[PDB]
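Undergrad: Which chain is which? The protein sequence lines are Y, U, Z, V, B, A and X, in order. Position one of the first sequence corresponds to residue 304 (full-length UniProt numbering), numbered consecutively onward. Position one of the second sequence corresponds to residue 757 (full-length UniProt numbering), numbered consecutively onward. Position one of the third sequence corresponds to residue 757 (full-length UniProt numbering), numbered consecutively onward. Position one of the fourth sequence corresponds to residue 104 (full-length UniProt numbering), numbered consecutively onward. Position one of the fifth sequence corresponds to residue 104 (full-length UniProt numbering), numbered consecutively onward. Position one of the sixth sequence corresponds to residue 484 (full-length UniProt numbering), numbered consecutively onward. Position one of the seventh sequence corresponds to residue 429 (full-length UniProt numbering), numbered consecutively onward.
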Amino acid sequence: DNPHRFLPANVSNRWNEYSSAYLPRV
Amino acid sequence: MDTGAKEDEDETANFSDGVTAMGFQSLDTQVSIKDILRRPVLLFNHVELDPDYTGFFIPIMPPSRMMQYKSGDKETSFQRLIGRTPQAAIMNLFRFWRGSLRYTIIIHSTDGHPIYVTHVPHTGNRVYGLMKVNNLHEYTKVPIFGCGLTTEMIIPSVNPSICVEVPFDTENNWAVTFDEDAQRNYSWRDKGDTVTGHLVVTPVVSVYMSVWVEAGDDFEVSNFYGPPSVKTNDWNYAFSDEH
Amino acid sequence: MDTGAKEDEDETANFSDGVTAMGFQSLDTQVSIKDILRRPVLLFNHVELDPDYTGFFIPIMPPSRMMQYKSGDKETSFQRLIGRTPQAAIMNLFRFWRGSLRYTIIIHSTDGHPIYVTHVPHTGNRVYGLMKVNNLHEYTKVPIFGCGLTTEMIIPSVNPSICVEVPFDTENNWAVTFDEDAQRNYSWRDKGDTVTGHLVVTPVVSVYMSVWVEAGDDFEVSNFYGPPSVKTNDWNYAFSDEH
Amino acid sequence: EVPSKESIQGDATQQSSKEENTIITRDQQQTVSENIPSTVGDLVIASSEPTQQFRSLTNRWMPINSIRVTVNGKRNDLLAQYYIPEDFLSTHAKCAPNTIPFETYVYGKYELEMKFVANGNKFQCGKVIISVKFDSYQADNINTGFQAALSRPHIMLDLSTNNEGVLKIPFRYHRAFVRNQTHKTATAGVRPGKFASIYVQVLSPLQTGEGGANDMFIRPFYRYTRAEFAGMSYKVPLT
Amino acid sequence: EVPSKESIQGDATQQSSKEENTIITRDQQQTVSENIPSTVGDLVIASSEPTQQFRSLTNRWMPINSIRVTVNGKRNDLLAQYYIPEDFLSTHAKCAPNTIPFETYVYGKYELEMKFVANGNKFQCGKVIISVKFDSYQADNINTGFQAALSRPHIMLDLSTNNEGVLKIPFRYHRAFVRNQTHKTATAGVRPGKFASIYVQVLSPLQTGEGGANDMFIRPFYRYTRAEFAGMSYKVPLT
Amino acid sequence: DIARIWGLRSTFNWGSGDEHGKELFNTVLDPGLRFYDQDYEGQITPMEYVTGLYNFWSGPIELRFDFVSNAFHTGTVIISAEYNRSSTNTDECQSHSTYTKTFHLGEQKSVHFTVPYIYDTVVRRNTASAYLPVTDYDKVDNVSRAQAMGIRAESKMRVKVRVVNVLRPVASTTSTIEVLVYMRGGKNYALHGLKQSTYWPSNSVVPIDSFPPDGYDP
Amino acid sequence: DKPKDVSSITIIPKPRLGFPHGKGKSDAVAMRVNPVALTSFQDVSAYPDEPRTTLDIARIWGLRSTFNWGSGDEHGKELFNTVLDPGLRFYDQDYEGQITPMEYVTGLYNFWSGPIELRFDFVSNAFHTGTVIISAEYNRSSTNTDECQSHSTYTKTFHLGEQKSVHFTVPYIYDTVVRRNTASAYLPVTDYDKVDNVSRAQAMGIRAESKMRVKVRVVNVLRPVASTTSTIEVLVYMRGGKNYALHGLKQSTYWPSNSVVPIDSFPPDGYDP
């Protein structure tokens with residue numbers, strides 16, 4: 304399916320955006 | 757915004773600043789942000805309409821990184837060069853806007869058949885292109901323009917272009933410009949807050965169309981974000997001034 | 757009208773009323789009744805005319821529950837969405853109106869053939885659509901426009917639309933808006949009192965047409981009736997903001 | 104502003120900020136970002152009932168979690184980040200008295216201040232930038248470099264001198280208020296408790312001498328300079 | 104004060120008390136106990152730091168649990184009783200916004216008001232007395248009759264007329280402040296969160312006619328008229 | 484002016500058997516739609532009727548509770564307005580910790596209640612659709628829903644009425660009374676953005692015909 | 429009476445009113461109830477500190493480049509050496525990264541002029557000590573090894589020590605009142621097409637490459653104490669001067685690289701799982 308729809312669980316919070324705890328995103 | 761003059765603690769002698777070269781060539785000064793955004797930008801270049809659908813939807817949002825073509829992805833009816841306009845690059849720095857926009861429609865016809873334009877107020881969805889609203893197979897009995905929303909009409913033979921000015925109809929203080937991802941399925945009331953409504957364009961028969969856009973007179977941007985991470989390759993497609 | 761403040765005999769402390777949010781988004785205030793009814797409403801969407809008939813009759817009455825589509829009944833040339841316009845919902849509360857209306861005709865042509873418009877004064881009948889007046893098989897010798905009533909003309913090539921303003925020609929103080937039944941055979945002089953006349957539209961050859969309507973500048977409604985018994989099913993044809 | 108000669112207690116020319124029942128001193132000078140305005144006038148419309156302030160509770164300095172800068176962090180690396188007010192409620196300093204009003208009220212407008220205190224030795228050197236991004240929801244992964252950080256309202260921390268920074272954050276949101284608390288019976292259509300983001304980034308990597316320390320620490324403090332609350336409700340636990 | 108003739112909405116001459124974001128109307132007249140003073144001057148000594156008020160939170164009417172008067176209750180029977188502020192924190196209306204400041208602060212001074220609303224039919228009759236006992240700890244089982252109730256500050260409720268009462272409670276304690284919350288790390292030497300007691304007693308039994316209702320209900324409401332808090336601390340759950 | 488006409492919104496009952504804390508009345512107070520989960524049919528109030536014409540609304544809403552009773556009825560109810568987060572049916576304490584008005588019923592049989600406008604946005608948008616071309620009661624699917632005009636932003640703001648003092652009437656009168664709940668827009672009520680109307684005439688709708696061509700002469 | 433109207437005038441029919449302009453007059457038809465109503469900015473308005481022009485954006489300090497300065501760098505060595513052109517960063521390679529706000533805004537315009545400002549922040553401490561010389565060189569450039577050639581231009585010797593920051597205005601000295609931008613006015617290539625000389629031959633404009641350089645050389649070799657780091661990093665910031673000026677709006681030089689996704693219909697396009 305379209306991969307952009309949902310963010311993978313390990314990097315994201317419940318609200319389906321990047322978690323504040325996950326610093327490596329940059 | 758922050759100048760960064762805060763950190764300029766140096767108090768030593770420097771070279772002269774000279775005299776400004778503004779108004780030297782011509783008085784026409786093109787530096788103002790509210791003058792650049794007031795220039796018209798092209799969106800849809802010779803896209804087709806149909807009488808079979810509800811109409812052609814144009815989501816009321818300013819042109820920016822949202823409407824950008826990336827290489828080797830799905831094809832859209834949006835023209836590719838929206839990304840690289842000067843009017844887009846400005847909207848990439850401001851995340852809030854407010855006030856009216858100005859859509860210009862040009863029908864490729866000279867027939868007596870009237871084309872209509874309908875400002876639908878901010879209703880939460882962000883659809884574009886042709887749509888069959890509620891999946892019905894007949895809209896000639898109950899048209900979108902006939903329901904009783906604000907509506908102007910083009911008559912191609914008299915003049916085959918109109919310039920409408922769509923109002924800022926929303927419950928928000930500001931309309932949001934862009935997101936980090938357009939195609940992401942997040943909470944539904946927030947995805948809606950990047951448009952202030954839609955234009956719809958219904959014809960009698962099939963016909964082609966072009967759409968431009970700009971900021972109205974009453975228009976303010978705010979919430980400055982600084983410049984993004986960018987790429988370029990202009991050097992490559994030009995000769996040096998030395999063969 | 758009656759506020760019902762008559763029955764408000766409570767004299768105890770209450771929460772604040774705050775400040776009005778009128779003129780906050782834009783100064784354009786859309787709350788006035790005489791501004792809503794002055795917006796144009798669509799009636800006939802691409803209906804056909806014929807040179808074989810006397811002409812196409814448009815009964816001069818404001819759009820309301822009279823011009824409403826109900827499900828699973830006889831089909832008419834009136835568009836279905838007249839029922840559910842904001843301009844209709846207002847006319848469902850007032851049973852009397854007076855003053856001029858404003859009909860807008862758009863011929864789907866660019867030919868030199870002239871189309872005519874004829875205000876026939878209130879003569880008691882309430883006909884619409886195409887009619888053969890007195891069942892004759894030839895009207896080119898003796899046209900309805902040529903008899904010598906007030907008459908304007910559209911010339912499609914120059915401009916394929918006119919906006920006429922039909923006068924309040926009647927012996928009544930007020931024109932009645934609606935009835936409990938449109939199709940009921942009751943005393944004939946009272947059935948006539950829901951129109952103030954007709955528009956007729958004769959062409960040289962066959963051609964299609966669209967008709968809009970609104971209240972003129974000089975226009976007053978009165979005899980307030982309150983809201984009717986209604987039904988709705990909007991909830992059903994939309995996703996919640998929670999999938 | 105000007106240092107003096109050495110007395111028993113060193114160079115005793117320290118300033119101090121006293122806010123409610125919490126004091127924070129500073130050794131060297133202070134960098135301050137420009138005092139800029141917030142949205143006002145919509146307040147009286149959007150809230151029919153009068154809005155309340157609890158200065159004694161919310162205007163006091165609250166220390167949050169410590170940040171660990173190492174010699175391995177490259178340029179453009181996030182040292183920390185904070186979605187506010189969300190993270191000050193339920194993530195950092197969970198039992199702070201600053202959070203008490205957020206239990207009961209459902210809406211509010213928040214102008215913040217954030218003081219940062221660094222302590223690296225004189226044989227270290229490095230630059231850290233702290234910057235605010237107003238209304239960052241679904242816009243965290245773009246315009247989020249050191250370059251955009253220098254453009255938006257920001258402070259700059261040299262890790263050798265041990266200067267202090269104070270970042271003033273106006274309320275600049277697309278809506279009138281921000282929702283404080285999510286709940287089982289509340290709408291899932293809106294993202295609550297996040298009107299801004301605070302990034303702390305390495306502008307230049309930390310460096311140390313031969314046989315030196317391989318890290319040093321920064322401590323953020325926050326305080327609401329104008330916390331107005333509207334829409335009272337039954338008290339709930341925070342997240 | 105004076106009734107009028109019957110209109111569409113009966114005898115529309117109702118008064119109303121509007122306190123913050125809560126209104127309470129009343130049909131008949133109101134009985135009020137004397138407005139009397141509290142201990143002041145020790146406040147500035149006992150607390151070195153300044154004391155705070157949260158009027159928007161604490162001055163709003165809060166309904167507590169319903170009281171059930173039956174025809175079986177004799178004279179001198181306790182219908183209910185309330186150790187305050189203890190019972191308003193952790194026993195009745197546990198999620199009230201009135202309790203928010205008691206989480207964070209450890210001491211305080213409290214002047215209260217308590218409105219009672221009864222609803223018995225016109226073919227009933229009875230007398231209920233409500234009275235306050237200042238600093239009642241280890242003195243609840245003495246001077247606790249209807250006779251002592253009539254002597255101490257009190258209101259009187261006739262169950263047929265449906266009049267309202269308002270009992271004003273000054274802060275009259277042996278110490279300067281009262282401790283708000285008990286804790287595992289706190290002292291067990293002092294009893295915290297009880298500076299007074301409110302007794303609701305049957306002065307005369309309820310009586311009804313043939314085939315009448317065998318009970319009727321009263322509802323207390325409270326509000327702090329002067330809630331001063333001192334000694335800020337980390338926020339805790341209430342009992 | 485139409486939105487300041489008192490219309491009768493709903494009714495409910497209040498018996499002697501209703502133990503204290505019980506929800507007598509409990510609705511989502513949204514002028515946009517009456518229900519989110521069922522077809523509505525009946526007589527909509529004048530402020531709701533006029534609201535359905537507009538895409539946005541704001542300002543306070545007023546209620547008025549008329550108790551169809553007499554002198555010999557006596558109880559007490561508490562009317563609470565609850566925003567964002569809603570209480571449980573059984574926990575009356577949660578309802579008490581919001582914006583409330585305790586009404587002491589007796590001689591006076593009517594209580595007015597202004598609901599204060601407290602939301603995150605200056606104007607709320609209407610939950611009813613801006614345009615709906617379905618006229619023939621077409622059987623709806625998810626593909627139909629997916630191609631809607633707008634996304635219904637359902638209101639979580641409720642107004643509950645709970646028992647404070649149980650209704651204790653005399654033996655000679657009725658044990659259960661009915662309460663009439665009226666509703667109008669406040670003095671600072673405001674509307675914007677004309678759309679296709681939410682509600683339409685149900686009862687006694689007949690389409691016009693040509694008189695007297697269409698067989699009027701018997 | 430019905431008197432004849434004898435007044436007339438000759439008109440020139442145009443489709444749009446002031447299409448290409450960013451000011452003046454317009455024939456726009458408002459989609460409102462009131463034809464002359466506007467959006468109220470009584471409460472919600474532009475904040476005073478937001479940039480009103482592009483020249484305000486071009487006065488924001490952005491971090492251009494960085495470089496190192498060790499103890500091993502013998503005197504006269506070029507620490508830093510770039511062509512200071514706000515048009516393009518490189519002439520001979522693809523650039524990717526975070527462009528400065530004055531460069532970003534410049535890329536929108538075909539011509540620029542006026543002075544450019546630099547600011548060198550040395551990421552050091554009290555115990556670092558050296559001296560660098562910052563030279564601006566026009567038309568003719570020096571050799572890498574001949575430090576004397578660099579000294580005979582417009583220079584500012586900075587004595588590093590307690591102060592860790594030096595400001596440097598680069599004076600605008602060229603043969604023309606405005607320079608034209610080296611980046612192309614219009615580039616339709618979007619799919620990274622493999623370039624040939626026939627492609628180059630049919631370009632929009634001829635890239636007039638700037639020979640104006642700014643070099644930083646060692647005067648006094650960096651002599652730090654044993655207990656601190658031997659090599660420091662220098663941050664080079666850049667903004668337009670107080671008399672910076674731009675003209676001639678073109679297709680933008682730079683475009684967003686990171687996290688670009690095209691919009692789709694929500695919720696028609698399979699948003700409902």
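Note that the Cβ used here is the ideal one computed from N, Cα and C, for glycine as well.
1. Taking the alpha helix (DSSP H) that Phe-249(V) falls in, what are its first and last residues?
2. Span of the beta strand (DSSP E) holding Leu-262(B)?
3. Among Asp-520(A), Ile-488(A) and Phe-694(A), which one has its Cα closest to the Cα of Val-889(Z)?
4. My guess is that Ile-634(A) and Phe-995(Z) are in contact by the Cβ rule of under 8 Å, so how many angstroms apart are they, rounded?
5. Under 9 Å between beta-carbons, which chain X residues line up against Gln-630(A)? List them in chain order, please.
6. Residues of chain Z with CB closer than 8 Å to the CB of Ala-291(V), please, in chain order.
7. Name the residues in the region 528 to 550 of chain A whose C-beta lies less than 7 Å from a C-beta of chain U; which are they?
8. Using the Cβ count rule (16 or more neighbours within 10 Å means buried), how would you classify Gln-835(Z)?
9. Under 9 Å between beta-carbons, which chain Z residues line up against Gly-525(A)? List them in chain order, please.
10. From the DSSP output, in three-state form, read off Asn-179(V) for me.
11. With which residues is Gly-811(U) paired in a DSSP beta bridge?
12. What residue range is occupied by the uninterrupted alpha helix (DSSP H) comprising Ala-629(X)?
13. Measuring CB to CB, does residue 365(B) end up less than 8 Å from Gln-284(B)?
14. Distance, Cα to Cα, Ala-115(V) vs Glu-214(V)?
15. Compile a chain-ordered list of the residues in the region 768 to 794 of chain Z whose CB is closer than 8 Å to at least one CB of chain U.
16. Could you give the DSSP three-state label for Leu-341(V): helix, strand or coil?
17. List, in order along the chain, the chain A residues whose C-beta lies closer than 9 Å to that of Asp-974(U)?
18. Check the Cβ-Cβ distances between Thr-559(A) and every residue of chain B, and say whether any is below 8 Å.
19. State yes or no: is the beta carbon of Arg-317(Y) nearer than 8 Å to at least one beta carbon in chain U?
20. Using a cut-off of 9 Å between C-beta atoms, extract the partners of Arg-308(Y) located in chain U.
21. Skipping 5 residues on each side, what residues in its chain have a beta carbon closer than 7 Å to that of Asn-124(B)?
22. Give, in chain order, every residue of the region 849 to 866 of chain Z whose Cβ lies closer than 8 Å to some Cβ of chain U.
23. Tell me which same chain residues have a C-beta within less than 8 Å of the C-beta of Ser-917(U), skipping the five on either side of it?
24. Return the chain-ordered list of same chain residues with a C-beta closer than 7 Å to the C-beta of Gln-117(B), the five sequence neighbours on each side being excluded.
25. Does any C-beta atom of chain U lie closer than 8 Å to the C-beta of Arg-294(V)?
26. Using a cut-off of 8 Å between C-beta atoms, extract the partners of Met-757(U) located in chain V.
27. Find the nearest neighbour of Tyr-566(X) within the set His-587(X), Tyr-537(X) and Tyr-600(X), judged by alpha-carbon distance.
28. Tell me whether the beta-carbon of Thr-681(A) lies closer than 8 Å to the beta-carbon of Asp-990(Z).
29. Whole angstroms are fine: how far does the CA of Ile-527(X) sit from the CA of residue 732(A)?
30. Hey, how far is the Cα of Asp-243(B) from the Cα of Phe-237(B)?
31. If we ignore side chains and look at the alpha-carbon of each, how far apart do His-675(X) and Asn-538(X) end up?
32. Going by the CB atoms, is the gap between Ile-233(B) and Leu-270(B) shorter than 8 Å?
33. How many whole angstroms separate the CB atoms of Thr-874(U) and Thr-907(U), which I take to be in contact at a CB cut-off of 8 Å?
34. Mind pulling the chain X residues with CB within less than 7 Å of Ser-307(V)?
TA: To lay it out plainly:
1. Per DSSP, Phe-249(V) belongs to the alpha helix (DSSP H) from 249 to 254.
2. Element bounds for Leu-262(B): n/a, residue is neither H nor E.
3. Of the candidates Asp-520(A), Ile-488(A) and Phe-694(A), the one whose C-alpha sits nearest the C-alpha of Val-889(Z) is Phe-694(A).
4. Distance from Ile-634(A) to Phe-995(Z) at the Cβ level is roughly 6 Å; contact confirmed, criterion being Cβ atoms closer than 8 Å.
5. Chain X residues near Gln-630(A): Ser-693, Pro-695 and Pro-696.
6. Correct list: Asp-997 and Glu-998.
7. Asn-538 and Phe-539: these are the residues of the region 528 to 550 of chain A whose beta carbon lies less than 7 Å from some beta carbon of chain U, given in chain order.
8. So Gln-835(Z) ends up on the buried side.
9. Residues of chain Z passing the Cβ test: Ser-985, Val-986 and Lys-987.
10. In the structure shown, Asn-179(V) sits in coil (DSSP, three-state: anything other than H, G, I, E or B).
11. DSSP, once it has assigned bridges, lists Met-887(U) as partnering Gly-811(U).
12. For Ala-629(X), the enclosing alpha helix (DSSP H) covers residues 625 to 629.
13. Because chain B spans 104 through 342 in this model, residue 365(B) falls outside it and cannot be assessed.
14. Their Cα atoms are separated by approximately 33 Å.
15. Taking a C-beta cut-off of 8 Å against chain U, the contacting residues of the region 768 to 794 of chain Z are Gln-781, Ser-782 and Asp-784, listed in chain order.
16. Of the three classes helix, strand and coil, the one that applies to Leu-341(V) here is coil, per DSSP.
17. Under the 9 Å cutoff, chain A gives no residues; its nearest Cβ is about 16 Å from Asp-974(U).
18. Residue-level contact check: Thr-559(A) touches chain B, since one or more beta carbons of chain B fall below 8 Å from its beta carbon.
19. So, not an interface residue.
20. Contacts between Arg-308(Y) and chain U, judged by CB atoms closer than 9 Å, involve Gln-939, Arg-940 and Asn-941 in chain order.
21. Same-chain partners within the cutoff: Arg-163.
22. For the region 849 to 866 of chain Z, the set of positions with a beta-carbon nearer than 8 Å to some beta-carbon of chain U reads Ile-862, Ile-863, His-864, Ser-865 and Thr-866 in chain order.
23. Within the same chain, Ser-917(U) has close Cβ partners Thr-860, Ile-861, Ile-862, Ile-863 and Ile-910.
24. Taking C-beta separations shorter than 7 Å and ignoring five residues to either side along the sequence, the partners of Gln-117(B) in its chain run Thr-128, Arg-129 and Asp-130, following chain order.
25. Output row for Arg-294(V): interface = yes.
26. The answer, in chain order, is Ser-254, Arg-255 and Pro-256.
27. Minimum Cα distance to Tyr-566(X) is reached at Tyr-600(X).
28. Pairing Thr-681(A) with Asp-990(Z) gives a Cβ-Cβ distance under 8 Å.
29. A query on residue 732(A) cannot be resolved here, the shown segment of chain A reaching from 484 to 701 and no further.
30. If I take the Cα positions, the gap works out to 11 Å.
31. Their backbone Cα atoms lie some 6 Å apart in a straight line.
32. Yes; because the gap between Cβ atoms is below 8 Å, this pair is in contact.
33. Taking C-beta atoms under 8 Å as the contact rule, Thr-874(U) and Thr-907(U) qualify, at a distance of about 5 Å.
34. Near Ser-307(V) (Cβ distances below 7 Å), the residues of chain X are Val-551, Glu-661 and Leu-663.
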